[PDB]
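Need coordinates for the below:
(chains A, B, C, D, E, F and G)
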Amino acid sequence: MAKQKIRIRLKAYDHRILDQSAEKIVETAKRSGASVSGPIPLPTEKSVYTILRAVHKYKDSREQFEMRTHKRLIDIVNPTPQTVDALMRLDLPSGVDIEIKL
Amino acid sequence: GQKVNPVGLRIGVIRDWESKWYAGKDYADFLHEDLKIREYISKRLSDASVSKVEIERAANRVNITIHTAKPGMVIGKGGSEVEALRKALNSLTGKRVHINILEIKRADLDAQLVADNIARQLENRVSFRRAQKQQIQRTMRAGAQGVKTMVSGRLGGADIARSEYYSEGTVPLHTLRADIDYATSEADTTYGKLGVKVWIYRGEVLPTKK
Amino acid sequence: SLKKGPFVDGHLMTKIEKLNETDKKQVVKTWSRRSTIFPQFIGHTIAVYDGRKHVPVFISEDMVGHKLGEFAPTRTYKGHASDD
Amino acid sequence: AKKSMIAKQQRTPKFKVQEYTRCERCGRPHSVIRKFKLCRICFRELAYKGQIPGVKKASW
Amino acid sequence: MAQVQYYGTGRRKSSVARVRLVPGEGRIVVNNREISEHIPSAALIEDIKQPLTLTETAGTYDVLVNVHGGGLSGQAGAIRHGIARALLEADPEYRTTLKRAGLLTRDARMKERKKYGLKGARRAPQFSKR
Amino acid sequence: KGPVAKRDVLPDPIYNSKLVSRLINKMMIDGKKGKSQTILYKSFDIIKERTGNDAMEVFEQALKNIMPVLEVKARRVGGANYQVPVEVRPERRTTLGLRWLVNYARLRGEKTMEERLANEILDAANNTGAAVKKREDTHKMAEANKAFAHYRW
RNA sequence: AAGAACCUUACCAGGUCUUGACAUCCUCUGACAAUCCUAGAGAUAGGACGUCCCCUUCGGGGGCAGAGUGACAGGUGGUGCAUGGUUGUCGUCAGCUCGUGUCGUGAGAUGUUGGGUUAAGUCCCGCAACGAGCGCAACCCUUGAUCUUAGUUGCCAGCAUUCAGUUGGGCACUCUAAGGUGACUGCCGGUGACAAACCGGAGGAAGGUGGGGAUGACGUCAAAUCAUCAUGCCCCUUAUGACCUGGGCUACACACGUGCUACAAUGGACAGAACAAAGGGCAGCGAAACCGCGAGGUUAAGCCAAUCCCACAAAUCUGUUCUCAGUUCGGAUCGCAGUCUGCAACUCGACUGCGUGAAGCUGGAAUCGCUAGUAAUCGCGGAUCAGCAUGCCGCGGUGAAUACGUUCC
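Numbers count the residues shown, from 1 in each chain, chains lettered A, B, ... in the order given. Take a look at the structure below.
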């Protein structure tokens, strides 16, 4: 009964942009479609960075700026071509890492 | 410190980054092109002026929207100027471009503009004290819960060095919802450069839910 | 070093080759001290460029795998105050 | 001599090993992270300027 | 789908455990291994088994537990808090004696993140005047 | 300020009592509960082997025998130091007892650490050894010079 | 200094250039650019093979080179006793001030003192003062409890399957990240003016600013950085500039600061067994198979990664063995033979095999850290990075002793 299915994945630094993008990318899945799996959470990987405060010495004082990387997955049992043609247009967001695979 | 920049704290919790995008195979190259766009907008800062440019990119696309106190300076007559700028940027970025424009209401309220203006006043060799007073009066005309301002380096050419600051109303940088605008500027008198700083407390932001 | 093999810059190779086949010229300066001594190179005397001054160096049969520039120390001794 | 140094770097090295990392915004070599090719101070000032998401600062 | 059993998650310092109090002989099972075997010897294992003995004594219920993360003592402590909370879910009435026992809460504590300029997230290597 | 709360130790299963757990705390080095565990059980075993008696009894008599009744406390009010004798807190009593116990046990020089802990604890049982001698020395520094610490301070 | 073999590098020595290595204006031709040979250490010069492109009725447009030319360009040159900018320090200490008014000839004072209370100028009450601003606090992040939404690459309990959560299935649970719940002295009791607050107890996953981080107030030290950048002034310019080879930044009689490894039987050595977290990876991580004692190599699957790889956790536990000594303690120093990276490992790289087996058997005077998951200690990862991490930044394992107290520093 198992069969290959399209499984779009999203990635972004900001999360509000990411789950707004998730809602926008599943909303097209809902119309002219069926089932529509929700956006399941992924572990997310941050990158820490310690940098010196002073231009010269005083290495004892520093600061940690870091960049987290969120990830998400979305699925749909029915390929439904009409919402795939609808999928081609995406006004938002400029900052998103959608990836399509079947 | 002794004074950490509020702009380095406000971002994230209460304000958006000046340039948002995603990366990507080349995180550096997007940053290079964007910093170059800053380098040319800085050339546009010479007279047309700008408070800030917001930037967005999505693979072979860019959204370098501008907001400025004087919108017609960059548009020109017939809109030819924004087009020529669009070509000058298209020649460099190597990708499609469509620069946007915005006209801020009560533009004096913005920290970048008042800081650039008082800096130009320092270029005009007007007394720095009276200039800061006119700053506080003008921002008072702008209407705000609290405002602070500061200048450093040579002042009137007197003494080896001096630093001054004036303020009125609450200016709570330690507040995490303060939404305080921050600005810096660099005057260039023959006696020497003049450091410029200004803090603008727009007021607390109340979180929403639906 | 490692394998295949010791590495002269290669100009010294043709130089010592021509000097071996004929002429038998003696005493020649070199800036490239990195080159290792070779069996074909034997018996030659090279002025070694330490930097400050060239130091002439005869080549005994015993020396091959040692670097040609190793024999001349750039370092100046010692220098110390009250000896003994 | 930073102009001579960036001129030295932008030109192709005689050997590929020679290419040390350096930021474009400033000509200072040394202590430049390779992953972002920015100055520690370059990245510092841009960090107060805010160039990338997000939080910032000193979490976890 | 078999006979009814209670279960209680129990973690400590990044070491999580999933106990299952199935009634039976009372022999304990950790990762398909005996507690006498999985952590020899180790006497502390009896301290992992103490809360059941401190409460009336004794059933004794069989335990099928699956634990992951942490070291041996940490995962064993996870077995302890895990059988403790499961015993809490056994009957509501027992909880009163449990207040005297403490033996719950799992006090969250774990090694502190290192401070910059410090080796032990508190310790400073050295100081010297002049 | 004020007094601080102190945690009670998890009781040792063998022999039940928490005080033995206090020994598990003190004898331990490099943060190893297991090494203290092995030396503890081997200690009970070697006590079981020579001169038969309950380990808890000889241990109890030993710890009762190694607690000082008084302790001096140096204070420089003027020229040269001046120790002040005072009655010891029972927690401080067992603390000094166990610390001088493990310390002198460490220096016994025997090839087996457990056997010399045994010889030491039996020396405490027999009113002898370096530990009892040291408590006696503290007893000498005390009493003989308690007059400055009579009821003054 | 988040990587000095060359480069970096600035400094030295030698060899070379003067509108220049780098930017612009002019006139001005011409595409620019490369393919090799010759001489040289390179730097570059001497030759040929070569470029001679794109839009225009001929003026041109375009990068770009070359030529000359005045301009200029250039300095990690001097000045942090000219600075902007950025950062230490007292100090995450609770103070520093202003508006109005009052008092004082005046400077100044009152407010900010006093009583109680607090980590706090914290709150409360009173007070010739009433307010307010910058801080503390709160607001944020992280950690812990729980719910809801959402179940793959992650998850395996209930079911069958298998060498294997691996494969059917399950999407409970662990786990994952969004929105919520929760702590506020609030509930009780006592003290206190019935105020603030403290103490005790209950409730509770966490109790009395829960733990940690971020958050550093007016200012002090003419504190640090002209050498990140920017630059006032001063100085140099066929040279304080530029190119290159080699050096040096690693010196060596010694002093000091700061780490690492040990001086050993709670141990060393061997064998077996067992528990992590977090991070990194496509110019990359590189499994498995095979070759070599080892380091690595040959070859190559998979992985843009909750899939796969870096990758095995180490202490520990279980036994065997040595039986108290410069030792089966420790590893220094050096020799020989290999290996990774790189045009290239002499100066001045790392690692391995073999051999050699310093000193040190716990350290004077003196001095440092730390109140609990802290000290103690064991391994792992990353930034750095061709190669080079005992340093730095993190991750987790194991995990205490003591705090009577403000006499003294």
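
For RNA strand G, what's its nearest residue on chain B.
Proximity of chain B to RNA strand G (CB to the nearest atom of the strand) peaks at residue B:195, 2.1 Å away. All C-beta spots, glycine's among them, are computed from the backbone N, C-alpha and C.

residues near that residue, how many?
Here the count is done by other CB atoms under 10 Å in any protein chain shown, and residue B:195 has 16 residues near it.

How about the one 5 residues further on?
For residue B:200, the number of neighbouring residues by other CB under 10 Å comes to 26.

Please export the alpha-carbon coordinates of stretch B:77-89; CSV is fine.
Only the C-alpha atoms of stretch B:77-89 are listed here, as CSV (Å, rounded to 0.1, in the frame of the first residue of the first chain):
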residue,chain,number,x,y,z
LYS,B,77,11.2,64.5,-12.8
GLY,B,78,9.3,61.9,-14.8
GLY,B,79,10.8,59.1,-12.7
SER,B,80,14.0,58.9,-14.9
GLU,B,81,16.3,59.1,-11.9
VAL,B,82,15.0,56.0,-10.1
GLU,B,83,15.3,54.2,-13.5
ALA,B,84,18.9,55.3,-14.0
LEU,B,85,19.6,54.1,-10.5
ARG,B,86,17.9,50.9,-11.3
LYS,B,87,20.2,50.4,-14.3
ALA,B,88,23.3,51.5,-12.3
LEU,B,89,22.4,48.8,-9.7
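
what sits up against it?
With contact meaning CB atoms under 8 Å, 6 or more residues apart in numbering or on different chains, stretch B:77-89 is reached by B:37, B:40, B:44, B:64, B:74-76, B:97-99, B:101.

cool, and stretch A:28-47?
By CB under 8 Å, 6+ apart, stretch A:28-47 touches A:10, A:19, A:22, A:26, A:66-78, A:80, A:82-83, A:86-87, D:59-60.

biggest helix in chain B by residues?
For chain B, the longest helix by residue count, based on DSSP state H, is helix B:27-44.

need the contact list for the residue of chain B closest to RNA strand G.
Contacts of residue B:195 by CB under 8 Å, 6+ apart are B:151-153, B:163, B:184, B:186-187.

The residue in chain F positioned nearest to chain D in helix, strand or coil?
Chain D sits closest to residue F:31 of chain F, with a gap of 25.7 Å, by CB to the nearest CB. Recorded secondary structure, residue F:31: coil (DSSP: H, G, I helix; E, B strand; the rest coil).

What distance do you get for it to residue F:25?
Distance, residue F:31 to residue F:25, using CB to CB, to the nearest Å: 11 Å.

Residue C:56 now?
From residue C:56 to residue F:25 the distance is 74 Å (CB to CB).

Same check on residue B:194?
Going from residue B:194 to residue F:25 by CB to CB gives 65 Å.

higher neighbour count, these two?
Using other CB under 10 Å as the criterion, residue B:194 and residue F:25 rank with residue B:194 on top: 20 against 12.

which residues touch the more buried one?
Counting by CB under 8 Å, 6+ apart, residue B:194 makes contact with B:119, B:122, B:128, B:151-155, B:186-188.

In space, what's closest to it - neighbours in sequence excluded?
residue B:187 (3.6 Å; CB to CB, 6 or more residues apart in numbering or on different chains).

hmm, the host helix or strand of that neighbour in reach of RNA strand G?
Assessed by DSSP states H and E, residue B:187 sits inside strand B:180-189. Yes. Strand B:180-189 lies within reach of RNA strand G by CB under 7 Å from any atom of the strand, at B:184, B:186.

Give the other helices and strands that that strand contacts.
helix B:7-10, helix B:111-123, strand B:192-201 (3 or more CB pairs under 8 Å, 6 or more residues apart in numbering or on different chains; DSSP states H and E).

sorry, back to before: just the contacts of stretch A:28-47: which are in helices?
Short answer: the contacts of stretch A:28-47 in helices (DSSP H) are A:19, A:22, A:26, A:82-83, A:86-87.
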